[PDB]
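Presented below is the structure to which this report refers.
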Amino acid sequence: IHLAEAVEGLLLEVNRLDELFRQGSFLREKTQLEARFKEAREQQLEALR
Amino acid sequence: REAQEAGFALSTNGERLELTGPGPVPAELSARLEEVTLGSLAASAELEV
Amino acid sequence: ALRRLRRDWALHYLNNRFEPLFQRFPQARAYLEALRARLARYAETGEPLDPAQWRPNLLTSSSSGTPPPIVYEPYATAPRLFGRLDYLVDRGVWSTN
Amino acid sequence: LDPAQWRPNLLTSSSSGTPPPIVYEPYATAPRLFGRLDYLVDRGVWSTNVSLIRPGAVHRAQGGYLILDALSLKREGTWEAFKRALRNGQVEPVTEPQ
């Protein structure tokens, strides 16, 4: 029963996970990866310019 | 009080946790923000349980 | 790359949330790590997750040791000996779990 | 919660004691001996419940006598199931393999 309630909480932890998927560090790391891809797209844009 | 240590104000909207103030907040401040957010969502889950 | 990073952070956060579960149930390591991998897949892909397929099924509880659990089965047949796998037809599909 | 799955199914009512409830079943077969479990296909699912079990000869023989023929047992192959229902009290309303 302890493991049953524990795995119930672990399954409910999807809310914790997808709420962490909009946190400050999430935004920071997504923005730095997007900034790498964005500087790639930029240098492309300015070369075409 | 963690935010007001550096002189930063807070405006939370329930699920969303954020603070108002010019300039970048300390890294420890953002870490505490995310820790408090995770704890709040967890305690929410156990309150439904 | 963002999908892979989301999977990695799901792995990290669920390692944090599962290590107490790992020590609490030392011999349930395989099921817990499989659940963690499934949650990582949920994070990376957005694949829907159902509790009905990831909830352990209670077979038999304690018999208090004494008397020992004795089960006489005069109708020795495969469905009654080795058990049965039911099939609920939800939405028209014979979806099992 | 559905009442259709939590409503007790009326198998057999009183026979006023006298005469005793006698059920002669010359067609001694498992669906008629041990009863049948029906299957209403609602919304496309073969959803069953406690309300879809039909009493057999054994169910309406309770408190009385069940008359059976040896031919209808050794011919229809229900002798083993019958003697298991007798010895072990294993009366199972039969269902189709589907």
Side-chain angles (χ1 to χ4, degrees), chain A, chain B:
Chain A
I1 54 171
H2 295 285
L3 188 151
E5 66 184 2
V7 299
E8 155 167 283
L10 266 53
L11 293 183
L12 295 174
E13 285 170 354
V14 297
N15 309 120
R16 300 169 167 94
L17 197 49
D18 68 2
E19 201 276 333
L20 167 81
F21 292 166
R22 41 190 177 264
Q23 281 309 298
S25 65
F26 184 91
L27 261 69
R28 283 311 100 210
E29 289 281 327
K30 294 294 187 291
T31 45
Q32 63 90 27
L33 208 62
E34 170 269 348
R36 170 252 182 269
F37 285 93
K38 178 75 173 178
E39 67 91 21
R41 292 186 78 166
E42 281 295 329
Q43 61 88 22
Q44 283 298 82
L45 285 172
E46 274 94 9
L48 191 154
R49 285 276 291 168
Chain B
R1 61 150 180 76
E2 277 269 325
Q4 270 297 339
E5 281 155 30
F8 284 89
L10 175 147
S11 172
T12 49
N13 322 307
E15 179 267 347
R16 172 78 171 101
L17 276 79
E18 75 188 79
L19 73 164
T20 52
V25 303
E28 58 93 21
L29 197 45
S30 187
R32 275 288 271 156
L33 181 64
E34 278 200 5
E35 289 170 352
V36 166
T37 300
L38 289 165
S40 185
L41 277 296
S44 292
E46 287 88 6
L47 66 83
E48 290 92 8
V49 174

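Letters A, B, ... are given to chains in the order of the sequence lines, protein chains preceding strands, and every chain is numbered from 1. Computed from heavy atoms alone, side chains included, the values below leave out hydrogens, waters and symmetry copies.
The CG atom of A:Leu17 sits 11.5 Å away from atom CG of B:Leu41, with the distance rounded to the nearest 0.5 Å. To the nearest 0.5 Å, atoms CG (A:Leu27) and OG (B:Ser30) are separated by 10.0 Å.
Heavy atoms of other residues, nucleotides or ligands lying less than 6.0 angstrom from CG of A:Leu45 number more than 12.
In terms of heavy-atom pairs under 4.5 Å with chain A, the best-connected choice from B:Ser44, B:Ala42, B:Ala31 is B:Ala42. Contact count against chain A (heavy-atom pairs under 4.5 Å) is highest for B:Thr37 among B:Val49, B:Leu33, B:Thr37, B:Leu38.
A salt bridge between B:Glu46 and A:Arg16 is present, with a side-chain N of the basic residue lying under 4.0 Å from a carboxylate O of the acidic one.
Using a 4.5 Å cut-off between heavy atoms, B:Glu15 touches chain A through backbone and side chain atoms alike. For chain B, the nearby part of A:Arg22 is the side chain; its heavy atoms alone come within less than 4.5 Å.
A distance-only check finds a donor-acceptor pair linking the side chain of B:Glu34 to the backbone of A:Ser25 [under 3.5 Å].
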